[PDB]
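Below: the structure, in structure tokens.
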Amino acid sequence: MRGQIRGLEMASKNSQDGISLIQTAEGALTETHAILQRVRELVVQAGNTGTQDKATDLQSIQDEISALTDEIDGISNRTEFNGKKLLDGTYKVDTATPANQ
Amino acid sequence: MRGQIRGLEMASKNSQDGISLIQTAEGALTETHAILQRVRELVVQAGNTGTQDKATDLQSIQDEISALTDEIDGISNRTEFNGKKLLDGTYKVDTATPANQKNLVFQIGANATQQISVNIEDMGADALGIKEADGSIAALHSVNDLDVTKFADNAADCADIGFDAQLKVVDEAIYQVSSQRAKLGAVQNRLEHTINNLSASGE
Amino acid sequence: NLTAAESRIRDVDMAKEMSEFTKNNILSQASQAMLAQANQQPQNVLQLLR
Amino acid sequence: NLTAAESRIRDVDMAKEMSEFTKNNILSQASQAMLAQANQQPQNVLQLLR
Amino acid sequence: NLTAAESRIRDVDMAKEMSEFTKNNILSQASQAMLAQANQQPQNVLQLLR
Amino acid sequence: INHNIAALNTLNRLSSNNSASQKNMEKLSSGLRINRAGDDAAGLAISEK
Amino acid sequence: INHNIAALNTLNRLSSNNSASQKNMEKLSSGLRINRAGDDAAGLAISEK
Amino acid sequence: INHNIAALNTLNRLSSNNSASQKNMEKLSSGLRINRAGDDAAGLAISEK
């Protein structure tokens, strides 16, 4: 009984640290969203051809968007809970080889 | 954990000072823009030959423009954040020798390789370019700026004294100072979104 | 911008500091409290003594 | 018309901005407020302590 | 132009000064406040005393 | 629980909403949404031309 | 944050917009855009001749 | 056990937490984290320049 009591409290703390990790990952996904919204906006106006031309005045927009995608790469790489990268492909759902989930 | 917490707050402050530096650089690029607009205007009217002549009444305009280009040299040289010159060629994007980029590595995270690389360049010779600016064109269209007598010679069909080329290269200078200034706004967005990540993960 | 970064270095976010102050003051009052419990241990030693 | 579109880009509809400013300022004062509630949680921890 | 530079020397930008005044006055009221916390430290010393 | 109060989020919402009232301060007191280039680089790149 | 308020920009937009109403004061009260030579040297150099 | 009570640690946590409320007293009542140089020498060395 003691075994299960103490291990059950520690199981609680385990789940709680799990919550914390997930909150970190999810926050990275929040800033991911905000960026992707910016991207979508830049795409809508960049799709407002007829007025948004010069084509290098799309190059500028492209540069901005490419910087944002670089930030998505950033967030996906630098997101770490106790040093552990999460968002990157380490934790894929299900490959063609389920032995490497 | 403490290591990453404290280092993650300090990583926030690092990014915040990075924002500040970039805001300074960019402000220098604002006044750069205003000057280049003045330049463009002076070129348009100076290209209004037929009425804007005497040719020394272009010399006067030339003198003014040359003063403005001297101011671009000024801003490119005197712009300093904590004494550190930014706009000058110290922070070129990519030379033929990538061993001499000298990027603006900012520390952004509490761990290894969680860093951002930034580059910046402009000075008097910030007109059109391929790897270098060019010779007769493409830098002295932001340093010398023809109209000393050198439009009354020819109009549009000489490629180094014609209005179309000259003004086009002013539009390039505006376009690429605008481009450089447009990167770094996005960099500020990167760092704001970052600090949000740093406050969340920190908590 | 210099003033801004300079303030980020030296000038304090006084909200966070105030929470730190209330916090540490509670740790202090808790500690004096645990003297009020700690010194009360040998008087019971005097109780089995009498 | 260029001035018009240029203004549509950079120049702000200051009414909307002012509503945004009052709004966010209320969020700020609400947040400082919730410090005035949040720091008051462990003093009751000191209350069961004494 | 002399009057202008003379004013740039002596005459104050009273907006900046007013912000400085409100600021420093808050530092003052904060300091008196931290007396209202600081003097309250030894009365708890009297509390473990009794 | 005492040595680290859990309303650190409150400091972040204060340091974000406070940080946003001031973005409206700079943005209002000049009339410009692209007062600071870090609002939209595209609008700058177009509006300059 | 308290010892240096972040609305120092406000002082600069005040000391620029205030500085510009007065450029319009000198410029209006004489009718001349080149009242002061520091508006456009070219227009002076031409207009003098 | 009586001639030396084992809650001497309590005196040290009192003389540290009490010692820290007062570091917050000096640090708050001036607004400055580098009120006293013994908080971070680096921030002083930079901030002075």
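Residues in the structure tokens are named by chain (A, B, ... in the order shown) and by number from 1 within that chain; ligands are numbered from 1 in the order shown.
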
Select from chain C every residue with an atom at most 9 Å from any atom of chain E, then for each give the shortest pair of atoms and their distance in Å to one decimal, using only C-alpha atoms, rows by chain and rising number, as a tab-separated table.
```
residue	atom	partner	partner_atom	distance
C:25	CA	E:41	CA	8.8
C:29	CA	E:44	CA	7.1
C:32	CA	E:48	CA	6.2
C:33	CA	E:48	CA	6.6
C:35	CA	E:48	CA	7.1
C:36	CA	E:48	CA	5.6
```

Can you write just those residues out, N, CA and C atoms, as a PDB file, in the first residue's frame?
```pdb
ATOM      1  N   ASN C  25       9.353  38.393   2.760  1.00  0.00           N
ATOM      2  CA  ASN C  25       8.905  38.812   4.078  1.00  0.00           C
ATOM      3  C   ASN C  25       8.090  37.712   4.736  1.00  0.00           C
ATOM      4  N   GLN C  29       8.760  35.964   8.368  1.00  0.00           N
ATOM      5  CA  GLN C  29       7.802  35.784   9.449  1.00  0.00           C
ATOM      6  C   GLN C  29       7.571  34.313   9.739  1.00  0.00           C
ATOM      7  N   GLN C  32      10.728  33.370  11.960  1.00  0.00           N
ATOM      8  CA  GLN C  32      10.531  33.786  13.350  1.00  0.00           C
ATOM      9  C   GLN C  32       9.494  32.916  14.019  1.00  0.00           C
ATOM     10  N   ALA C  33       8.438  32.618  13.279  1.00  0.00           N
ATOM     11  CA  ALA C  33       7.446  31.675  13.752  1.00  0.00           C
ATOM     12  C   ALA C  33       8.091  30.363  14.160  1.00  0.00           C
ATOM     13  N   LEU C  35      10.955  29.845  15.120  1.00  0.00           N
ATOM     14  CA  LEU C  35      11.579  29.993  16.427  1.00  0.00           C
ATOM     15  C   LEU C  35      10.553  29.855  17.527  1.00  0.00           C
ATOM     16  N   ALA C  36       9.367  30.421  17.320  1.00  0.00           N
ATOM     17  CA  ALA C  36       8.350  30.325  18.357  1.00  0.00           C
ATOM     18  C   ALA C  36       7.920  28.884  18.583  1.00  0.00           C
TER      19      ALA C  36
END
```

Point to revise | segment 128-136 of chain B surroundings by only C-alpha atoms, 7 Å radius, close-in-sequence under 6 positions cut, as a ChimeraX atom specification | key: /B:160,169,172-173

Contact check, chain D to chain F, at most 6 Å, counting only C-alpha atoms, closest pairs as CSV:
```
residue,atom,partner,partner_atom,distance
D:6,CA,F:47,CA,5.9
D:10,CA,F:33,CA,5.1
D:11,CA,F:32,CA,4.6
D:12,CA,F:31,CA,5.5
D:21,CA,F:21,CA,5.5
D:24,CA,F:17,CA,5.7
D:25,CA,F:21,CA,5.9
D:28,CA,F:17,CA,5.3
D:31,CA,F:14,CA,5.5
```

Practice item. One decimal, Å: what's the distance from atom CA of residue 18 of chain A over to atom CA of residue 76 of chain A, could you say? Key: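 Computing the Euclidean distance for atom CA of residue 18 of chain A and atom CA of residue 76 of chain A yields 19.0 Å.
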
Quick one: superpose chain D onto chain C using all C-alpha atoms paired in order, least squares, and give it to me as an mmCIF file with N, CA, C and O atoms, in the first residue's frame.
```
data_model
loop_
_atom_site.group_PDB
_atom_site.id
_atom_site.type_symbol
_atom_site.label_atom_id
_atom_site.label_comp_id
_atom_site.auth_asym_id
_atom_site.auth_seq_id
_atom_site.Cartn_x
_atom_site.Cartn_y
_atom_site.Cartn_z
ATOM 1 N N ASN D 1 16.608 54.654 -27.609
ATOM 2 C CA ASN D 1 16.832 53.222 -27.535
ATOM 3 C C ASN D 1 17.940 52.878 -26.552
ATOM 4 O O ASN D 1 17.874 51.841 -25.876
ATOM 5 N N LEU D 2 18.899 53.776 -26.394
ATOM 6 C CA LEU D 2 19.936 53.553 -25.415
ATOM 7 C C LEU D 2 19.256 53.642 -24.052
ATOM 8 O O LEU D 2 19.411 52.751 -23.227
ATOM 9 N N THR D 3 18.479 54.697 -23.817
ATOM 10 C CA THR D 3 17.785 54.805 -22.542
ATOM 11 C C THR D 3 16.962 53.562 -22.268
ATOM 12 O O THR D 3 16.861 53.120 -21.119
ATOM 13 N N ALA D 4 16.382 52.984 -23.314
ATOM 14 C CA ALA D 4 15.540 51.811 -23.147
ATOM 15 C C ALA D 4 16.354 50.636 -22.645
ATOM 16 O O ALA D 4 16.024 50.038 -21.617
ATOM 17 N N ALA D 5 17.437 50.304 -23.343
ATOM 18 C CA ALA D 5 18.242 49.164 -22.924
ATOM 19 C C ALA D 5 18.895 49.417 -21.576
ATOM 20 O O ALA D 5 18.965 48.517 -20.727
ATOM 21 N N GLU D 6 19.379 50.639 -21.367
ATOM 22 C CA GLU D 6 19.942 51.028 -20.081
ATOM 23 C C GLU D 6 18.948 50.800 -18.959
ATOM 24 O O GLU D 6 19.322 50.347 -17.872
ATOM 25 N N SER D 7 17.680 51.091 -19.217
ATOM 26 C CA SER D 7 16.647 50.847 -18.226
ATOM 27 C C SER D 7 16.394 49.357 -18.059
ATOM 28 O O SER D 7 16.162 48.882 -16.944
ATOM 29 N N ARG D 8 16.455 48.600 -19.152
ATOM 30 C CA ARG D 8 16.295 47.156 -19.044
ATOM 31 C C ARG D 8 17.380 46.545 -18.176
ATOM 32 O O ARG D 8 17.158 45.506 -17.548
ATOM 33 N N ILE D 9 18.549 47.177 -18.115
ATOM 34 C CA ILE D 9 19.628 46.651 -17.287
ATOM 35 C C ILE D 9 19.404 47.018 -15.828
ATOM 36 O O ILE D 9 19.240 46.147 -14.967
ATOM 37 N N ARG D 10 19.392 48.314 -15.534
ATOM 38 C CA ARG D 10 19.411 48.789 -14.159
ATOM 39 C C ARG D 10 18.021 48.922 -13.561
ATOM 40 O O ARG D 10 17.753 48.387 -12.480
ATOM 41 N N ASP D 11 17.143 49.639 -14.241
ATOM 42 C CA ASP D 11 15.816 49.917 -13.730
ATOM 43 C C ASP D 11 15.013 48.631 -13.585
ATOM 44 O O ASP D 11 15.051 47.748 -14.444
ATOM 45 N N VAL D 12 14.266 48.548 -12.494
ATOM 46 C CA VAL D 12 13.612 47.320 -12.061
ATOM 47 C C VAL D 12 12.164 47.313 -12.521
ATOM 48 O O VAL D 12 11.519 48.364 -12.610
ATOM 49 N N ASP D 13 11.651 46.117 -12.797
ATOM 50 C CA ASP D 13 10.218 45.891 -12.947
ATOM 51 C C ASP D 13 9.631 45.756 -11.554
ATOM 52 O O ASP D 13 9.607 44.669 -10.973
ATOM 53 N N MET D 14 9.150 46.872 -11.012
ATOM 54 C CA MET D 14 8.868 46.959 -9.588
ATOM 55 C C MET D 14 7.730 46.056 -9.151
ATOM 56 O O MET D 14 7.610 45.767 -7.958
ATOM 57 N N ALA D 15 6.889 45.615 -10.079
ATOM 58 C CA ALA D 15 5.872 44.634 -9.734
ATOM 59 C C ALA D 15 6.512 43.332 -9.286
ATOM 60 O O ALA D 15 6.214 42.809 -8.202
ATOM 61 N N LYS D 16 7.407 42.805 -10.117
ATOM 62 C CA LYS D 16 8.111 41.575 -9.791
ATOM 63 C C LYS D 16 8.880 41.721 -8.494
ATOM 64 O O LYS D 16 8.893 40.808 -7.657
ATOM 65 N N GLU D 17 9.510 42.873 -8.302
ATOM 66 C CA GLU D 17 10.248 43.096 -7.071
ATOM 67 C C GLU D 17 9.319 43.104 -5.874
ATOM 68 O O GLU D 17 9.678 42.608 -4.803
ATOM 69 N N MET D 18 8.140 43.693 -6.022
ATOM 70 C CA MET D 18 7.223 43.748 -4.895
ATOM 71 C C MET D 18 6.745 42.358 -4.527
ATOM 72 O O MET D 18 6.657 42.021 -3.342
ATOM 73 N N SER D 19 6.438 41.536 -5.528
ATOM 74 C CA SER D 19 6.075 40.155 -5.238
ATOM 75 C C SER D 19 7.218 39.433 -4.545
ATOM 76 O O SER D 19 6.999 38.647 -3.613
ATOM 77 N N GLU D 20 8.448 39.715 -4.968
ATOM 78 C CA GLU D 20 9.608 39.131 -4.314
ATOM 79 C C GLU D 20 9.709 39.596 -2.868
ATOM 80 O O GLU D 20 10.124 38.836 -1.985
ATOM 81 N N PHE D 21 9.315 40.838 -2.607
ATOM 82 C CA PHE D 21 9.448 41.401 -1.271
ATOM 83 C C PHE D 21 8.420 40.816 -0.329
ATOM 84 O O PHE D 21 8.743 40.434 0.800
ATOM 85 N N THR D 22 7.168 40.766 -0.772
ATOM 86 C CA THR D 22 6.128 40.140 0.027
ATOM 87 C C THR D 22 6.472 38.690 0.304
ATOM 88 O O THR D 22 6.385 38.228 1.448
ATOM 89 N N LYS D 23 6.885 37.976 -0.739
ATOM 90 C CA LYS D 23 7.333 36.596 -0.603
ATOM 91 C C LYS D 23 8.391 36.447 0.483
ATOM 92 O O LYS D 23 8.196 35.722 1.470
ATOM 93 N N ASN D 24 9.526 37.125 0.313
ATOM 94 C CA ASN D 24 10.621 36.958 1.255
ATOM 95 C C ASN D 24 10.237 37.409 2.652
ATOM 96 O O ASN D 24 10.728 36.851 3.641
ATOM 97 N N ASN D 25 9.353 38.393 2.760
ATOM 98 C CA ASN D 25 8.906 38.812 4.078
ATOM 99 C C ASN D 25 8.090 37.712 4.736
ATOM 100 O O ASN D 25 8.164 37.517 5.955
ATOM 101 N N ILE D 26 7.321 36.966 3.945
ATOM 102 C CA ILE D 26 6.595 35.836 4.512
ATOM 103 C C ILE D 26 7.568 34.762 4.949
ATOM 104 O O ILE D 26 7.350 34.095 5.963
ATOM 105 N N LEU D 27 8.618 34.531 4.170
ATOM 106 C CA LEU D 27 9.618 33.570 4.613
ATOM 107 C C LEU D 27 10.240 34.010 5.928
ATOM 108 O O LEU D 27 10.535 33.182 6.799
ATOM 109 N N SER D 28 10.399 35.319 6.110
ATOM 110 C CA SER D 28 10.963 35.824 7.353
ATOM 111 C C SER D 28 10.022 35.567 8.517
ATOM 112 O O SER D 28 10.421 35.001 9.542
ATOM 113 N N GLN D 29 8.761 35.964 8.368
ATOM 114 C CA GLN D 29 7.802 35.785 9.449
ATOM 115 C C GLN D 29 7.571 34.313 9.739
ATOM 116 O O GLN D 29 7.343 33.932 10.893
ATOM 117 N N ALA D 30 7.656 33.477 8.712
ATOM 118 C CA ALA D 30 7.590 32.039 8.919
ATOM 119 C C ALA D 30 8.780 31.559 9.723
ATOM 120 O O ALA D 30 8.660 30.651 10.548
ATOM 121 N N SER D 31 9.941 32.155 9.498
ATOM 122 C CA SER D 31 11.125 31.699 10.209
ATOM 123 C C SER D 31 11.085 32.112 11.677
ATOM 124 O O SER D 31 11.360 31.291 12.563
ATOM 125 N N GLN D 32 10.728 33.370 11.960
ATOM 126 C CA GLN D 32 10.531 33.786 13.350
ATOM 127 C C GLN D 32 9.494 32.915 14.019
ATOM 128 O O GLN D 32 9.627 32.537 15.193
ATOM 129 N N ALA D 33 8.438 32.618 13.279
ATOM 130 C CA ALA D 33 7.445 31.675 13.752
ATOM 131 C C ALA D 33 8.090 30.363 14.160
ATOM 132 O O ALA D 33 7.849 29.856 15.265
ATOM 133 N N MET D 34 8.929 29.801 13.300
ATOM 134 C CA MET D 34 9.514 28.520 13.641
ATOM 135 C C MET D 34 10.556 28.632 14.739
ATOM 136 O O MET D 34 11.000 27.601 15.251
ATOM 137 N N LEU D 35 10.955 29.844 15.120
ATOM 138 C CA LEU D 35 11.579 29.992 16.427
ATOM 139 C C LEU D 35 10.552 29.854 17.527
ATOM 140 O O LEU D 35 10.817 29.224 18.557
ATOM 141 N N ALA D 36 9.367 30.421 17.319
ATOM 142 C CA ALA D 36 8.351 30.325 18.357
ATOM 143 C C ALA D 36 7.920 28.884 18.583
ATOM 144 O O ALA D 36 7.406 28.560 19.657
ATOM 145 N N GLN D 37 8.126 28.009 17.595
ATOM 146 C CA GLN D 37 7.959 26.579 17.832
ATOM 147 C C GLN D 37 9.240 25.925 18.310
ATOM 148 O O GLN D 37 9.192 25.005 19.131
ATOM 149 N N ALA D 38 10.385 26.382 17.817
ATOM 150 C CA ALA D 38 11.631 25.677 18.081
ATOM 151 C C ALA D 38 12.082 25.819 19.519
ATOM 152 O O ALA D 38 12.485 24.829 20.137
ATOM 153 N N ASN D 39 12.032 27.029 20.065
ATOM 154 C CA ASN D 39 12.410 27.206 21.455
ATOM 155 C C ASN D 39 11.475 26.484 22.399
ATOM 156 O O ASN D 39 11.871 26.202 23.529
ATOM 157 N N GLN D 40 10.261 26.168 21.965
ATOM 158 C CA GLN D 40 9.307 25.481 22.817
ATOM 159 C C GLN D 40 9.568 23.985 22.930
ATOM 160 O O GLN D 40 8.725 23.276 23.487
ATOM 161 N N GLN D 41 10.690 23.481 22.409
ATOM 162 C CA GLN D 41 10.943 22.049 22.454
ATOM 163 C C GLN D 41 11.537 21.634 23.802
ATOM 164 O O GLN D 41 11.060 20.653 24.381
ATOM 165 N N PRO D 42 12.552 22.316 24.354
ATOM 166 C CA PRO D 42 13.091 21.876 25.646
ATOM 167 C C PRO D 42 12.236 22.180 26.868
ATOM 168 O O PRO D 42 12.576 21.707 27.959
ATOM 169 N N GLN D 43 11.167 22.952 26.762
ATOM 170 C CA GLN D 43 10.352 23.170 27.947
ATOM 171 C C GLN D 43 9.540 21.930 28.247
ATOM 172 O O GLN D 43 9.227 21.643 29.405
ATOM 173 N N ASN D 44 9.213 21.176 27.212
ATOM 174 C CA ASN D 44 8.669 19.847 27.405
ATOM 175 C C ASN D 44 9.739 18.890 27.910
ATOM 176 O O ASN D 44 9.432 17.938 28.648
ATOM 177 N N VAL D 45 11.008 19.170 27.595
ATOM 178 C CA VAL D 45 12.072 18.417 28.236
ATOM 179 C C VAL D 45 12.055 18.700 29.737
ATOM 180 O O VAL D 45 12.288 17.802 30.567
ATOM 181 N N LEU D 46 11.735 19.933 30.112
ATOM 182 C CA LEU D 46 11.538 20.227 31.521
ATOM 183 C C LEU D 46 10.256 19.606 32.056
ATOM 184 O O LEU D 46 10.120 19.420 33.269
ATOM 185 N N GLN D 47 9.304 19.298 31.177
ATOM 186 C CA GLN D 47 8.049 18.711 31.627
ATOM 187 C C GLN D 47 8.231 17.257 32.039
ATOM 188 O O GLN D 47 7.721 16.841 33.081
ATOM 189 N N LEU D 48 8.908 16.445 31.224
ATOM 190 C CA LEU D 48 9.250 15.122 31.755
ATOM 191 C C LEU D 48 10.248 15.235 32.894
ATOM 192 O O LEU D 48 10.302 14.352 33.756
ATOM 193 N N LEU D 49 11.058 16.295 32.917
ATOM 194 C CA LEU D 49 11.879 16.508 34.100
ATOM 195 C C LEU D 49 11.008 16.743 35.334
ATOM 196 O O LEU D 49 11.398 16.360 36.443
ATOM 197 N N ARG D 50 9.830 17.347 35.168
ATOM 198 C CA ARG D 50 8.871 17.509 36.274
ATOM 199 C C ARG D 50 7.422 17.301 35.873
ATOM 200 O O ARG D 50 6.815 16.291 36.220
#
```

**Study point:** Check: which chain B residues lie within 12 Å of chain G using only C-alpha atoms, as a ChimeraX atom specification
**Key:** /B:38-39,41-43,45-46,51-65,67-68
